[PDB]
Amino acid sequence: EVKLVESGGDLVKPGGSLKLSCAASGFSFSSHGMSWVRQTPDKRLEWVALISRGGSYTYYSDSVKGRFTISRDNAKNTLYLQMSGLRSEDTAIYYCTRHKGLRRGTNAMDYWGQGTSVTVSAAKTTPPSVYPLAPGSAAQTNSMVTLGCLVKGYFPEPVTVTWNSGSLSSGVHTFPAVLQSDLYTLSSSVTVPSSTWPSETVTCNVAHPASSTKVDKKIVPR
Amino acid sequence: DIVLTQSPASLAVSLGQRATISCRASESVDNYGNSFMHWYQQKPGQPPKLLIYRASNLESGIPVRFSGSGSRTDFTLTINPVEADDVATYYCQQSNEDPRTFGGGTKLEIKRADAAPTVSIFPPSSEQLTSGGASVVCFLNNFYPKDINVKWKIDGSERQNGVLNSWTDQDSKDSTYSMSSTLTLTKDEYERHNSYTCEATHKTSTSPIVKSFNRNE
Ligand SMILES: CC(=O)N[C@H]1[C@H](OC[C@H]2O[C@H](OP(=O)(O)O)[C@H](NC(C)=O)[C@@H](O)[C@@H]2O)O[C@H](CO)[C@@H](OP(=O)(O)O)[C@@H]1O
Ligand SMILES: [Cl-]
Ligand SMILES: [Cl-]
């Protein structure tokens, strides 16, 4: 199984530094060029830097040249991005990517990690409050029931939400965060059969990595 | 650097029809008998996925309904036939010169039949109330088209202050949208009114779809 696992994303103050790592497994790492690509909050993809299979050739986008250093350790099967002089514009999800290894010129990026999130801001990390959304007390019982949880007042993005630790996967809608007085809020809904709740347990699992928060909120009838 | 321009910015297409997406470069990206333009698909919550490399080569594992063509400064990605899980943003990217650069992307949307939303309303949780705040949450699930207008009423009067709306992207199976609409007000304000209504007006019906509760049951 080809895997590229990024780590190191965090909230950093302007002017600050940060080091990202990407652990490559399941292929011959030294046989491929590698790149970092980032996705900014406007959802645009932006190429950041590349490194040749042995590391003697590197190249950077105009935006990061002189501030970032890409490097690799083939024995460790690891790709690095050292960042410095961070600014608002560097806020993005950073993806580790593998280049195809065809001859006769340059190559497309054929495998991509899941990404690691970096935010550059003077604002402080704020953990979310998590509130259960159970139907109103006068609510009508139908064959279907929709539950939810409201994740409020956190910074920076992201939070992740799962239901019953992933078991409840279909019938889930998790909405994009919205800014509210400079903190983020989102909500997630899950729809399940009325026979299954409150008979069997339904729990929303909320993680906010930047504050090391993990909350499991049980949805209980009012 | 090489500037890549994609058009159109978005394209809406019925299931089974052809979609053609254009990428133009500020200079030729040809060399050595090849053209170095590659195409990627990006779906929400997922990293980009390689579709086509070096202008026309289909990446292993990608379905044959995706094809690329073009040369020098002018390239096209074609999807034929378009299927429900093709909802995504598509990007071109050149590697003929460093620094490597991406196009701005083209968002593919699916045209389908109208569908009424399923609406659910939730009073502020007791837990939030003890914290001193009050959010009333409304979910409008599985509807089409995207631009439903949600309206809030409190004791029968339209209420706009404190309302924030958020949409998911189009569902990769049924091609519908979902959204949340959240009314946030002080606990004081929440407690001095009785009836709370969220209303969806949508031309899948002449009557609004309504969900309401009374804080006094
Ligand atoms: C091959 C070429 O002309 N360009 C490729 C470029 O090469 C850089 C560099 O690669 C080797 O050095 P190390 O990787 O540092 O060992 C090579 N040495 C050899 C073959 O012994 C040098 O001669 C050469 O200058 O590297 C990038 C890799 O990212 C290539 O781009 P793609 O990955 O997209 O193909 C580029 O083709
Ligand atoms: Cl040849
Ligand atoms: Cl770019």
Side-chain angles (χ1 to χ4, degrees), chain A residues 32-40 42-52 57-65 68 70 89 92 95 97-112, chain B residues 1-11 13 18-43 47-59 62 65-80 86 88-108:
Chain A
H32 301 264
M34 299 287 302
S35 273
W36 291 95
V37 170
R38 70 187 176 190
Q39 183 181 330
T40 36
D42 59 14
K43 314 297 198 194
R44 291 176 163 163
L45 294 179
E46 183 186 353
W47 178 85
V48 176
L50 70 72
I51 185 160
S52 59
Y57 176 69
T58 59
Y59 211 97
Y60 300 89
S61 72
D62 304 331
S63 303
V64 310
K65 191 182 289 189
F68 290 15
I70 188 174
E89 294 70 19
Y95 304 100
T97 84
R98 184 184 73 182
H99 293 190
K100 286 178 71 78
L102 300 173
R103 301 280 86 172
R104 303 294 303 173
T106 53
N107 279 273
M109 290 163 285
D110 70 348
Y111 197 90
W112 297 60
Chain B
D1 338 334
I2 302 183
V3 185
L4 298 193
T5 300
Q6 296 188 230
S7 59
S10 64
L11 172 62
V13 162
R18 168 183 51 63
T20 50
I21 246 53
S22 159
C23 180
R24 286 184 189 92
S26 64
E27 67 180 76
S28 176
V29 299
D30 283 9
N31 252 326
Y32 330 133
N34 289 330
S35 295
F36 295 88
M37 188 71 71
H38 321 292
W39 290 95
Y40 300 90
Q41 180 190 63
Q42 192 178 31
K43 292 167 185 163
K49 176 194 293 190
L50 177 61
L51 298 173
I52 302 290
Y53 65 89
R54 298 176 170 183
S56 56
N57 306 276
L58 183 61
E59 177 62 1
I62 300 308
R65 59 178 194 274
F66 290 94
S67 63
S69 55
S71 76
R72 302 196 63 65
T73 62
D74 196 86
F75 300 85
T76 65
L77 178 70
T78 293
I79 310 175
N80 188 6
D86 299 328
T89 302
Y90 295 85
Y91 294 87
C92 60
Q93 174 246 324
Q94 67 82 19
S95 65
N96 200 42
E97 168 182 300
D98 302 332
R100 306 197 182 179
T101 49
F102 285 92
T106 297
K107 187 172 192 124
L108 188 68

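In what follows, chains are A, B, ... by sequence order, proteins preceding strands, each numbered from 1. Side chains included, hydrogens not; waters and symmetry mates left out as well; all remaining heavy atoms used.
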Open item on the list: Can you confirm whether or not the ring centre of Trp39(B) sits under 6.0 Å from the ring centre of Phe66(B)?
Closed with: no
In the structure I gave you, are the side-chain heavy atoms of [X] and [Y] within less than 4.5 Å of one another anywhere?
X	Y	result
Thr76(B)	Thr20(B)	no
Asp110(A)	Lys100(A)	yes
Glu46(A)	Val37(A)	no
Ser71(B)	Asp30(B)	yes
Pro99(B)	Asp62(A)	yes
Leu45(A)	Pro48(B)	yes
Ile2(B)	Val29(B)	yes
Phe102(B)	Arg44(A)	no

Point-to-point distance, once rounded to the nearest 0.5 Å, from [atom1] of [X] to [atom2] of [Y]:
X	Y	atom1	atom2	answer
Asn96(B)	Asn31(B)	CG	CG	4.5 Å
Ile62(B)	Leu51(B)	CD1	CG	5.5 Å
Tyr59(A)	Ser52(A)	OH	OG	14.5 Å
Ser67(B)	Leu77(B)	OG	CG	7.0 Å
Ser35(B)	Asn57(B)	OG	CG	10.0 Å
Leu108(B)	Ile21(B)	CG	CD1	6.5 Å

Can you check whether [Y]'s main-chain N or O pairs, donor with acceptor, with [X]'s side chain at less than 3.5 Å?
X	Y	answer
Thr89(B)	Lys107(B)	no
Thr106(A)	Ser95(B)	yes
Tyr60(A)	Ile70(A)	yes
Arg104(A)	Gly33(B)	no

Task: Full working for side chain to side chain donor-acceptor pair (under 3.5 Å) between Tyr95(A) and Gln39(A) - done: CA-CA 8 Å; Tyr95(A) 304 100; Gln39(A) 183 181 330; 2.8 Å; yes
Provide the closest heavy-atom pair for [X] versus [Y] in the form atom of the first, atom of the second, distance.
X	Y	value
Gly101(A)	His32(A)	N-ND1, 4.0 Å
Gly105(A)	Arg54(B)	O-NH2, 3.3 Å
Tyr90(B)	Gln41(B)	OH-NE2, 3.0 Å
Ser35(A)	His99(A)	OG-NE2, 2.7 Å
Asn107(A)	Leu102(A)	ND2-O, 2.9 Å
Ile52(B)	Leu50(B)	O-CD1, 3.4 Å

Looking only at side chains, do [X] and [Y] share a donor and an acceptor under 3.5 Å apart?
X	Y	answer
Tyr53(B)	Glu59(B)	no
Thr40(A)	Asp42(A)	yes
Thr101(B)	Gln94(B)	yes

Task: Six-ring centre of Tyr40(B), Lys49(B) cation under 6.0 angstrom, axis tolerance 45° - done: no
TODO: Take the angle between the ring planes of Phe36(B) and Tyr32(B) and call it parallel below 30°, perpendicular above 60°, tilted in between.
DONE: perpendicular
TODO: Let me see the working for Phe75(B) and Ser22(B) under side chain to side chain contact (heavy atoms under 4.5 Å, CB included), right down to the final yes or no.
DONE: CA-CA 6 Å; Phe75(B) 300 85; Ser22(B) 159; over 6 Å; no
Task: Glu97(B) vs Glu27(B), side chain to side chain contact (heavy atoms under 4.5 Å, CB included): CA-CA, chis, key distance, verdict - done: CA-CA 10 Å; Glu97(B) 168 182 300; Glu27(B) 67 180 76; 3.7 Å; yes
TODO: Decide side chain to side chain contact (heavy atoms under 4.5 Å, CB included) for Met34(A) and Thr97(A); before the verdict, give the C-alpha distance in whole Å, the side-chain angles of both, and the deciding distance to 0.1 Å.
DONE: CA-CA 6 Å; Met34(A) 299 287 302; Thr97(A) 84; 6.0 Å; no
- [ ] Tell me, with the steps shown, if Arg100(B) and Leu50(A) meet side chain to side chain contact (heavy atoms under 4.5 Å, CB included).
- [x] CA-CA 9 Å; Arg100(B) 306 197 182 179; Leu50(A) 70 72; 3.3 Å; yes
